[PDB]
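Asks: First, the structure itself, so that you have it in front of you.
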There are 2 protein chains.
Amino acid sequence: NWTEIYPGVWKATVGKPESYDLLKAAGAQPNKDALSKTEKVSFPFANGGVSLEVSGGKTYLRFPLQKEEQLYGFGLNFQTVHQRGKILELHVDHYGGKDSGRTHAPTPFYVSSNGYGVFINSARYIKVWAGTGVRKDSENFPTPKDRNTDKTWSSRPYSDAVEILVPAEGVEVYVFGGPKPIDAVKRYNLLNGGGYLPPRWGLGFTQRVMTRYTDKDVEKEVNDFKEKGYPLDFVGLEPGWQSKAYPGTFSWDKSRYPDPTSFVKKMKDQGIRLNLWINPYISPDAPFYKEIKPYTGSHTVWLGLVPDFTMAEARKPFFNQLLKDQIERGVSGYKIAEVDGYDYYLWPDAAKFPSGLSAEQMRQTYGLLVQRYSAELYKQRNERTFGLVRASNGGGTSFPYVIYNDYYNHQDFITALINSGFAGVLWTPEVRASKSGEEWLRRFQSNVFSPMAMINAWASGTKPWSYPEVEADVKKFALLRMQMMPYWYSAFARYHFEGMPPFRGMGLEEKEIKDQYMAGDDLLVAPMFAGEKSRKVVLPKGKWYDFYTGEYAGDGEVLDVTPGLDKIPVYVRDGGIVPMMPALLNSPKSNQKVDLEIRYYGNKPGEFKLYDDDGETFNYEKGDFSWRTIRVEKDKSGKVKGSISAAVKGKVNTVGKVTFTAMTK
Amino acid sequence: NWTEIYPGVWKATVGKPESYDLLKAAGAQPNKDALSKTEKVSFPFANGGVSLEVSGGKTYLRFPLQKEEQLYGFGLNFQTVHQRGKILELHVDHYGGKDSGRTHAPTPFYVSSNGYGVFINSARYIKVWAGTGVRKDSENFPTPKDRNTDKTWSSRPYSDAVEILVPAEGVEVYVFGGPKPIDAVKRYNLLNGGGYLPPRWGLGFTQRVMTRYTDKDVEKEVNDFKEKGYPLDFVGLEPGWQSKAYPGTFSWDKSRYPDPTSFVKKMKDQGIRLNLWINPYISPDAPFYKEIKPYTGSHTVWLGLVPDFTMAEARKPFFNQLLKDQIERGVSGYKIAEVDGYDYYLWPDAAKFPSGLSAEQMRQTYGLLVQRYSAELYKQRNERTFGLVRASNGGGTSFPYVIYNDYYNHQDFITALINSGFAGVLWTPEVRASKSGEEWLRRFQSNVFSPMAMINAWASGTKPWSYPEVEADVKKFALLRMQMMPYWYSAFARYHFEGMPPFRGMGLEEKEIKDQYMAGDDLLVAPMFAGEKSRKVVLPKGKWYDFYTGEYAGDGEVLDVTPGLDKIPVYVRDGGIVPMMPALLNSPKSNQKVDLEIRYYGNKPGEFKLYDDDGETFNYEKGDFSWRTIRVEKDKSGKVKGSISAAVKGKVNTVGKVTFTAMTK
């Protein structure tokens with residue numbers, strides 16, 4: 001039966017749940033304070049139709065559906081957003097080109113258009129029939145028809161329930177109330193701890209360089225960024241930083257990085273952080289190999305041992321090496337690769353791990369484990385991190401990682417960004433290479449309207465400026481990313497404090513749209529793809545304004561837009577506010593005041609809550625942060641009038657001179 | 001541990017096997033006599049490396065591989081024949097366009113090129129890693145390499161074992177000795193009971209007619225066959241024979257079939273048998289609906305109830321209706337459709353059945369159940385049947401059904417025919433429609449070199465003669481099918497008595513070839529596909545002769561062949577014999593003597609065992625059958641010399657005048 005454990009959050013324990021699951025894997029702590037401030041709402045299933053049973057070694061769940069209902073979620077899908085009528089097996093994997101449930105974060109959480117959500121807290125592979133079963137004893141059992149004579153016969157008759165099968169003798173289930181879909185997602189994310197509060201530097205530009213780069217090659221590339229006037233906060237090092245890779249030594253290569261301490265410091269003195277590639281698979285030449293070997297699984301991945309990170313005996317040596325050899329030299333973070341799949345790379349489900357944990361549960365949670373324990377090392381030092389990971393799951397909302405992959409279809413990259421908001425994880429549609437300048441720019445445009453602005457040149461060697469046809473426009477979008485930092489930072493603060501995903505699908509205000517997303521509270525983004533001169537944009541009710549010119553765009557209608565190569569279609573809600581700092585090339589330091597220009601759109605009076613703190617430590621946990629309320633409207637004459645609430649005694653204040661701009665003439 | 005239960009057959013019971021499995025589902029009885037006559041051979045795993053364990057609710061199996069080894073089988077695959085390096089989940093389904101283990105007969109049986117086989121007797125979904133796992137404690141653990149510096153680094157390092165995971169607390173496993181791959185397949189098939197011994201009429205031509213045909217429409221089509229001089233033994237009726245379909249009444253429609261008894265008799269008096277389409281899903285208008293309803297599952301398929309055929313209470317009413325309303329009127333057999341998938345048509349794994357059997361095991365065996373109990377009704381009447389089914393599995397070798405599907409890629413249709421020989425089931429690459437006469441003929445050509453010569457015109461309304469460009473050649477191939485009846489019948493006798501699959505891949509004498517198959521003992525078939533003027537044919541060592549002209553073709557070499565539209569490339573082994581009866585339009589009756597022309601190929605002295613019995617009852621089980629030994633060679637002058645062994649006192653003898661022809665001038 002259902003215990004209301006928080007406002008709008010109910011928990012049921014069915015049968016005998018397993019001792020390991022997603023929340024336990026992640027060590028996810030609920031944000032009780034934030035949850036306590038959400039509305040009491042009533043239980044979303046008010047008219048029965050809920051069934052929870054254990055039989056033949058499995059847990060059978062059924063949740064009812066109404067005729068109107070559409071469903072969202074079930075993880076990081078790339079080709080679909082509406083989930084009703086889909087059949088899935090949720091299974092961590094590298095994305096394979098179709099939506100089957102095999103994906104980087106196959107989060108067992110779904111949301112209904114009626115404003116509720118359901119989370120199945122199991123680390124097993126989970127089967128989902130999202131309204132396909134037609135039960136003989138249903139209250140909505142359609143009348144049988146004779147296909148021989150009746151042209152209305154249906155090959156897929158009406159189904160009135162979500163059915164879920166968990167291969168275990170019980171399970172914990174959570175249900176989240178509304179009243180809106182976004183309310184259920186926020187409560188889910190808060191139950192997970194809220195999103196990570198990223199460092200400001202994490203929201204700047206990152207360049208990953210070719211595998212083979214030496215320390216000298218990186219220093220030169222850094223100098224070229226500076227010389228050309230492009231932003232850069234952190235550089236990604238790829239497998240060549242290690243003395244061996246696939247499998248790895250987790251130790252700096254002596255020929256390419258002869259003096260790691262000096263290198264890391266030189267970069268940091270120029271404002272440049274480093275983010276290091278790893279996969280967690282262990283070389284016989286790693287310095288902790290012999291120590292860790294008894295605490296690794298039966299099967300290897302690219303001839304590397306697989307640590308059982310549920311065991312302290314594997315974690316201590318692995319994470320001590322990261323700490324001592326890298327983090328204590330100044331390394332800012334990691335890119336955790338190849339913790340997803342494919343099945344022919346990773347260990348089989350037939351593998352055995354020394355803790356006794358099934359290879360299945362290990363597969364479902366390995367990404368979560370590496371995120372968890374790596375993030376801890378930074379938190380212990382009162383320092384934020386921000387990096388990349390190729391696998392996550394339910395339980396992972398609070399971790400400082402963005403999902404990326406080795407797939408590349410641009411349309412599908414945007415669809416995954418939409419679905420990230422339903423999945424309790426972050427996703428970046430990264431830029432690598434391109435056949436044309438046009439495609440390079442379209443990809444860069446969408447990428448700067450995402451969790452992480454990044455070119456990953458591991459194989460391509462490209463730089464922002466590598467395509468001369470679009471060079472000037474790429475630079476503009478790179479500088480825009482920096483100017484928007486206060487907007488993004490505030491959105492990420494909402495993710496942390498309120499559970500509000502910073503990127504999400506349409507229809508999520510507080511037919512399927514697979515190619516538009518909200519970015520923060522105020523911006524509707526509708527990317528162009530290479531080869532297109534124009535697209536349609538579906539605007540929600542309420543008035544919207546062009547991001548660039550401030551001019552009225554529309555209201556609850558469809559636009560045909562021909563933006564040009566130099567613009568990504570972006571629209572701002574009436575009264576929407578985007579605070580802009582100067583076009584700095586490096587994120588500003590905690591002791592640095594920064595001017596803001598408050599760009600105000602439309603005519604409805606606007607209100608924006610600007611988040612402010614030191615941008616890099618966990619001092620915010622002790623209360624050292626502020627929300628500055630910004631209000632803007634136009635007076636009788638049509639002239640802009642703005643205010644900002646007063647700085648708070650004793651708190652960090654990085655807000656400099658504030659000016660206001662009415663974008664809508 | 002391993003009990004030698006028959007010559008070259010070993011059984012191990014690991015843990016606690018489930019009470020239901022594939023062999024029990026099928027009620028498969030071993031052919032002990034035939035098995036007792038195979039060679040004692042030694043256990044195929046002589047040097048350890050075999051592991052059988054139960055852990056965490058699952059059964060983990062590992063079987064070693066050597067460097068040389070290639071693997072075949074794992075069911076009815078459509079795009080692959082070599083299985084080493086593949087990962088599969090064996091799951092009954094309609095084929096979905098790729099080889100994942102989801103297919104009509106996902107037989108959990110594999111064969112090695114080293115001459116052994118392994119069968120996993122579980123009715124669960126079974127996961128297979130066929131040499132992809134790389135174990136840290138392997139005796140062949142490759143040396144780790146540094147991908148940063150070593151260009152020989154492998155993304156898929158060497159794997160030395162087949163690994164299998166069964167989701168249950170134990171399992172029965174069978175191992176089959178050699179010394180050749182074909183020996184292991186034969187023993188597997190014999191353990192299943194051997195193949196069904198089909199009626200001769202089952203090897204004739206069958207036409208399935210459009211869904212809507214009335215009794216009068218069928219009588220006319222029959223008259224057109226006769227008038228045009230095309231063969232026909234049985235007509236397929238499609239869903240319109242029932243008063244309702246999807247779901248079904250299992251009762252003759254009163255408007256389209258007003259007098260069933262008279263109709264069936266009229267057809268039978270003209271030599272024409274009937275084969276009726278069913279799916280097993282029950283209409284509220286079926287006459288046994290109320291009786292059967294408590295013995296049906298929770299979920300419906302196209303609004304039809306799903307009988308639990310493991311319960312006598314479901315079988316009795318269902319099969320009594322078939323018996324009384326159809327079989328006792330003269331109906332010869334059935335086409336059992338839609339017992340495979342897709343997942344969105346069939347019941348979810350979350351469904352519940354009144355016997356308590358998991359929906360999973362029901363999914364894996366439903367085809368087997370319908371085959372089993374329907375075949376029984378015929379056997380009880382001392383009458384053979386022969387029909388079609390869209391799902392089978394391990395345990396199904398002995399049933400009188402051929403697999404077909406609703407897919408159509410021709411290349412893949414031939415690949416499935418190859419893989420049928422590894423899977424213990426029969427498959428027909430059926431003909432339906434085509435965009436060109438060329439394609440129609442190429443499809444008809446391969447189809448008459450298969451288990452069932454059939455056009456399925458359920459939607460297309462086509463007849464053999466519907467494409468005028470190729471009409472004359474289709475007729476020739478239809479008549480050839482009849483003339484070859486003694487060849488096919490004898491091959492099917494070998495399937496029954498010896499386990500020898502009548503259609504099989506290359507290299508199976510007693511790189512991957514996906515487009516040639518052996519048909520009987522003597523014929524190598526290499527189909528053309530539409531759009532091709534020529535193809536390569538890979539001939540095994542030993543001499544081969546052109547089927548049509550008898551001329552030497554080659555020996556252990558590759559040919560480039562341009563056969564023309566009018567020929568399918570077929571080659572005959574040196575000394576090969578094809579007995580030919582006259583081009584009859586209807587299969588000959590049990591009391592009818594038939595002349596044979598013995599077509600003898602090459603110069604090596606040949607020997608052929610001609611099977612003979614009444615062709616339609618189970619009297620053969622009481623010993624009323626003969627094998628007539630035919631020997632042929634050319635004398636000194638190069639003139640043919642032949643013999644046939646003497647007819648056996650008291651036995652059926654349908655052999656008339658016998659003449660001999662040396663095809664190789």
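Identifiers in the structure tokens: chain A, B, ... in order shown; residue index from 1 per chain; ligand index from 1 in order shown.
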Neighbours of residue 583 in chain B within 8 Å (only C-alpha atoms; same-chain residues fewer than 3 positions away dropped), as a list in words?

Replies: residues 479, 480, 482 and 483 of chain B

Asks: Compile the residues of chain B that lie within 7 Å of chain A, evaluated using only C-alpha atoms, and express the compilation as a ChimeraX atom specification.

Replies: /B:60,132-136,144,146-148,155-157,163,165,239-240,244-247,298-300,302-303,344-345,347-348,350

Asks: Only N, CA, C and O atoms, please: the residues just picked out, written as a CSV table (one decimal), in the first residue's frame.

Replies:
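The resulting out_5.csv:
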chain,number,residue,atom,x,y,z
B,60,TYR,N,23.9,-20.6,-15.6
B,60,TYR,CA,25.0,-20.1,-16.3
B,60,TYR,C,25.6,-21.3,-17.0
B,60,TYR,O,26.1,-22.2,-16.3
B,132,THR,N,31.8,-14.2,-27.5
B,132,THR,CA,32.1,-12.8,-27.4
B,132,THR,C,32.7,-12.4,-26.0
B,132,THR,O,33.5,-11.5,-25.9
B,133,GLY,N,32.4,-13.2,-25.0
B,133,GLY,CA,33.0,-12.9,-23.7
B,133,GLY,C,34.4,-13.2,-23.6
B,133,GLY,O,34.9,-14.2,-24.1
B,134,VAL,N,35.2,-12.4,-22.9
B,134,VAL,CA,36.6,-12.5,-22.8
B,134,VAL,C,36.9,-12.6,-21.3
B,134,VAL,O,36.9,-11.5,-20.6
B,135,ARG,N,37.2,-13.8,-20.8
B,135,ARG,CA,37.3,-14.0,-19.3
B,135,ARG,C,38.7,-13.7,-18.8
B,135,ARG,O,39.7,-14.1,-19.4
B,136,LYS,N,38.9,-13.0,-17.7
B,136,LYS,CA,40.2,-12.7,-17.1
B,136,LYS,C,41.0,-13.9,-16.8
B,136,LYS,O,42.2,-14.0,-17.0
B,144,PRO,N,46.9,-7.7,-23.1
B,144,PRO,CA,46.4,-6.4,-23.2
B,144,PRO,C,47.3,-5.5,-24.1
B,144,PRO,O,48.6,-5.7,-24.0
B,146,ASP,N,48.0,-1.5,-25.9
B,146,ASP,CA,47.8,0.0,-25.6
B,146,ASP,C,47.3,0.6,-26.9
B,146,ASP,O,48.0,0.7,-27.9
B,147,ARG,N,46.0,0.9,-26.9
B,147,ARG,CA,45.4,1.5,-28.1
B,147,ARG,C,46.1,2.8,-28.5
B,147,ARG,O,46.0,3.2,-29.6
B,148,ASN,N,46.7,3.5,-27.6
B,148,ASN,CA,47.3,4.8,-27.9
B,148,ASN,C,48.5,4.6,-29.0
B,148,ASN,O,48.7,5.4,-29.8
B,155,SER,N,39.2,-4.2,-31.2
B,155,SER,CA,37.9,-3.7,-30.6
B,155,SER,C,37.1,-4.9,-30.1
B,155,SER,O,36.2,-4.8,-29.2
B,156,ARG,N,37.4,-6.1,-30.6
B,156,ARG,CA,36.7,-7.3,-30.2
B,156,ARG,C,37.7,-8.4,-30.0
B,156,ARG,O,37.9,-9.3,-30.9
B,157,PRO,N,38.4,-8.5,-28.9
B,157,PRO,CA,39.4,-9.4,-28.7
B,157,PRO,C,39.0,-10.9,-28.6
B,157,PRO,O,37.8,-11.2,-28.5
B,163,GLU,N,28.7,-18.8,-24.2
B,163,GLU,CA,28.1,-18.6,-22.9
B,163,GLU,C,26.6,-18.5,-23.0
B,163,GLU,O,26.1,-17.8,-23.9
B,165,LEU,N,22.8,-18.0,-20.8
B,165,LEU,CA,22.2,-17.7,-19.5
B,165,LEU,C,20.7,-18.1,-19.7
B,165,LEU,O,20.0,-17.6,-20.6
B,239,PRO,N,-9.0,-16.6,-44.2
B,239,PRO,CA,-10.0,-16.4,-43.1
B,239,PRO,C,-11.5,-16.4,-43.5
B,239,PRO,O,-12.3,-16.7,-42.6
B,240,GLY,N,-11.8,-16.0,-44.7
B,240,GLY,CA,-13.2,-16.0,-45.1
B,240,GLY,C,-14.0,-17.4,-45.0
B,240,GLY,O,-15.2,-17.4,-45.2
B,244,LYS,N,-16.8,-15.9,-38.6
B,244,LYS,CA,-16.0,-14.7,-38.2
B,244,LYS,C,-14.5,-15.0,-38.0
B,244,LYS,O,-14.1,-16.2,-37.7
B,245,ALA,N,-13.7,-14.0,-38.3
B,245,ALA,CA,-12.2,-14.2,-38.1
B,245,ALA,C,-11.6,-12.9,-37.4
B,245,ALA,O,-12.1,-11.8,-37.5
B,246,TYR,N,-10.5,-13.2,-36.7
B,246,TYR,CA,-9.8,-12.2,-35.9
B,246,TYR,C,-10.8,-11.4,-34.9
B,246,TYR,O,-10.9,-10.2,-35.0
B,247,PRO,N,-11.4,-12.1,-34.0
B,247,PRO,CA,-11.2,-13.5,-33.7
B,247,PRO,C,-12.2,-14.5,-34.4
B,247,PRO,O,-13.1,-14.1,-35.1
B,298,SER,N,-5.3,-14.0,-19.4
B,298,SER,CA,-5.8,-12.7,-19.1
B,298,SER,C,-5.9,-11.7,-20.3
B,298,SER,O,-6.7,-10.8,-20.3
B,299,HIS,N,-5.0,-11.9,-21.3
B,299,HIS,CA,-4.9,-10.9,-22.4
B,299,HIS,C,-5.4,-11.6,-23.7
B,299,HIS,O,-5.3,-12.8,-23.9
B,300,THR,N,-5.9,-10.7,-24.6
B,300,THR,CA,-6.5,-11.2,-25.9
B,300,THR,C,-5.5,-10.8,-27.0
B,300,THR,O,-4.6,-10.0,-26.9
B,302,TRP,N,-6.0,-9.7,-31.0
B,302,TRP,CA,-7.1,-9.1,-31.8
B,302,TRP,C,-8.5,-9.3,-31.2
B,302,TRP,O,-9.4,-9.7,-32.0
B,303,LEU,N,-8.6,-9.2,-29.9
B,303,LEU,CA,-9.9,-9.3,-29.2
B,303,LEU,C,-10.4,-10.7,-29.1
B,303,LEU,O,-11.6,-11.0,-28.7
B,344,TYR,N,3.3,-6.5,-30.0
B,344,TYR,CA,2.2,-5.6,-30.0
B,344,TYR,C,0.9,-6.2,-30.5
B,344,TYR,O,-0.1,-5.6,-30.5
B,345,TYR,N,1.0,-7.4,-31.0
B,345,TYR,CA,-0.2,-8.2,-31.4
B,345,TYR,C,-0.4,-9.3,-30.3
B,345,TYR,O,-1.6,-9.4,-29.8
B,347,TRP,N,0.0,-11.5,-26.7
B,347,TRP,CA,-0.1,-11.2,-25.3
B,347,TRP,C,1.3,-10.7,-24.8
B,347,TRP,O,2.3,-11.3,-25.2
B,348,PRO,N,1.3,-9.7,-23.9
B,348,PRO,CA,2.5,-9.4,-23.2
B,348,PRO,C,3.1,-10.5,-22.3
B,348,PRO,O,2.3,-11.3,-21.8
B,350,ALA,N,3.6,-10.0,-19.4
B,350,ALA,CA,2.9,-9.7,-18.2
B,350,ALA,C,1.5,-10.4,-18.1
B,350,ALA,O,0.9,-10.3,-17.0

Asks: Considering only strand (DSSP E or B) as DSSP defines it on the backbone, what residues of range 375-406 of chain B qualify? List them as number ranges by chain.

Replies: B: 387-389, 401-403

Asks: Write out as a ChimeraX atom specification each polymer residue whose atoms come within 8 Å of range 645-652 of chain B, counting only C-alpha atoms; drop sequence neighbours fewer than 4 positions from it.

Replies: /B:612-614,624-626,628-630

Asks: Just N, CA, C and O atoms for this one: save the residues we selected as a compact mmCIF listing (two decimals), in the first residue's frame.

Replies:
# COMPACT_ATOMS: atom_id res chain seq x y z
N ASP B 612 9.13 -46.37 -50.31
CA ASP B 612 7.80 -46.72 -50.85
C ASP B 612 6.86 -47.26 -49.77
O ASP B 612 7.23 -48.11 -48.95
N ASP B 613 5.66 -46.72 -49.73
CA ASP B 613 4.60 -47.17 -48.83
C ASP B 613 3.32 -46.57 -49.38
O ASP B 613 3.32 -46.07 -50.51
N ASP B 614 2.23 -46.60 -48.60
CA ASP B 614 0.92 -46.15 -49.12
C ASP B 614 0.81 -44.64 -49.27
O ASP B 614 -0.15 -44.17 -49.86
N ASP B 624 4.78 -51.53 -42.69
CA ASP B 624 4.40 -51.63 -44.08
C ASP B 624 5.02 -50.51 -44.93
O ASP B 624 4.34 -49.54 -45.33
N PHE B 625 6.30 -50.71 -45.22
CA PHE B 625 7.06 -49.81 -46.09
C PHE B 625 8.24 -50.58 -46.62
O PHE B 625 8.56 -51.64 -46.06
N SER B 626 8.87 -50.06 -47.68
CA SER B 626 10.08 -50.63 -48.28
C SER B 626 11.08 -49.54 -48.67
O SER B 626 10.72 -48.40 -48.95
N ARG B 628 13.64 -49.40 -51.73
CA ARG B 628 14.11 -50.11 -52.92
C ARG B 628 15.46 -49.56 -53.31
O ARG B 628 15.58 -48.35 -53.58
N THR B 629 16.49 -50.40 -53.31
CA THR B 629 17.82 -49.95 -53.68
C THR B 629 17.98 -49.89 -55.20
O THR B 629 17.79 -50.88 -55.89
N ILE B 630 18.34 -48.70 -55.70
CA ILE B 630 18.58 -48.47 -57.11
C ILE B 630 20.07 -48.26 -57.34
O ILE B 630 20.69 -47.44 -56.65

Asks: Can you pull out every residue within 10 Å of residue 213 in chain A, counting only C-alpha atoms, but drop anything in the same chain fewer than 2 positions away, and send it as a short mmCIF file (atom, residue, chain, number, x, y, z; two decimals) with C-alpha atoms, in the first residue's frame?

Replies:
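Generated file (around35.cif):
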data_model
loop_
_atom_site.label_atom_id
_atom_site.label_comp_id
_atom_site.auth_asym_id
_atom_site.auth_seq_id
_atom_site.Cartn_x
_atom_site.Cartn_y
_atom_site.Cartn_z
CA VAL A 209 41.65 17.80 -28.43
CA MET A 210 43.00 14.87 -30.49
CA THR A 211 43.97 11.64 -28.71
CA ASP A 215 51.25 18.94 -23.27
CA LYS A 216 52.91 21.31 -25.77
CA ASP A 217 50.15 20.73 -28.33
CA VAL A 218 47.53 21.69 -25.69
CA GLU A 219 49.43 24.85 -24.69
CA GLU A 221 45.85 25.29 -28.83
CA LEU A 237 42.20 15.32 -22.78
CA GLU A 238 41.54 12.08 -24.61
CA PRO A 239 43.13 8.65 -24.12
CA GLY A 240 46.72 9.76 -24.92
CA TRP A 241 47.07 11.42 -21.49
CA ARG A 256 53.38 13.23 -23.87
CA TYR A 257 52.96 14.67 -20.34
CA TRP A 458 39.27 13.55 -30.42
CA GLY A 461 41.22 17.90 -34.77
#

Asks: Give me, as a PyMOL selection string, all polymer residues having an atom no more than 12 Å from residue 618 in chain A, counting only C-alpha atoms and skipping those fewer than 4 positions away in the same chain.

Replies: chain A and resi 196-199+376+378-385+613-614+622-625

Asks: B:318, B:119, B:608, B:600: which is nearest residue 491 in chain B, counting only C-alpha atoms?

Replies: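 Result for the nearest residue to residue 491 in chain B: B:608.
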
Asks: Give me the residues within 7 Å of residue 605 in chain B as a list in words, counting only C-alpha atoms and dropping any in the same chain fewer than 4 places off.

Replies: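 The residues satisfying every condition are residues 575, 632 and 633 of chain B.
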
Asks: Write the selection just made, keeping N, CA, C and O atoms, as an mmCIF file, in the first residue's frame?

Replies:
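Now in out13.cif:
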data_model
loop_
_atom_site.group_PDB
_atom_site.id
_atom_site.type_symbol
_atom_site.label_atom_id
_atom_site.label_comp_id
_atom_site.auth_asym_id
_atom_site.auth_seq_id
_atom_site.Cartn_x
_atom_site.Cartn_y
_atom_site.Cartn_z
ATOM 1 N N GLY B 575 27.583 -39.426 -59.772
ATOM 2 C CA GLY B 575 26.862 -40.658 -59.443
ATOM 3 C C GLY B 575 25.479 -40.396 -58.861
ATOM 4 O O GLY B 575 24.785 -41.324 -58.449
ATOM 5 N N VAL B 632 23.098 -47.668 -60.404
ATOM 6 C CA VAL B 632 23.314 -47.276 -61.784
ATOM 7 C C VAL B 632 24.772 -46.984 -62.051
ATOM 8 O O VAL B 632 25.485 -46.390 -61.210
ATOM 9 N N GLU B 633 25.219 -47.417 -63.228
ATOM 10 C CA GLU B 633 26.516 -46.986 -63.757
ATOM 11 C C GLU B 633 26.527 -47.075 -65.294
ATOM 12 O O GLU B 633 25.508 -47.364 -65.919
#

Asks: Looking at B:269, B:635, B:412, B:616, which one is nearest to residue 514 in chain B, with distances taken over only C-alpha atoms?

Replies: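 Nearest candidate to residue 514 in chain B out of B:269, B:635, B:412, B:616: B:412.
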
Asks: Between CA of residue 338 in chain B and CA of residue 445 in chain B, measure the distance and give it in Å to one decimal.

Replies: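 CA of residue 445 in chain B lies at a distance of 26.9 Å from CA of residue 338 in chain B.
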
Asks: Just checking: using only C-alpha atoms, which residue out of A:286, A:9, A:88, A:35 ends up closest to residue 175 in chain A?

Replies: A:9

Asks: Residue 320 in chain A: which residues within 12 Å, counting only C-alpha atoms, same-chain residues fewer than 2 positions away excluded, as number ranges by chain?

Replies: A: 250-251, 287-288, 292, 312-318, 322-328, 373-374, 376-377

Asks: DSSP on the backbone: what in range 273-329 of chain B comes out helix (DSSP H, G or I), as an MDAnalysis selection string?

Replies: chainID B and resid 289:295 312:325 327:329
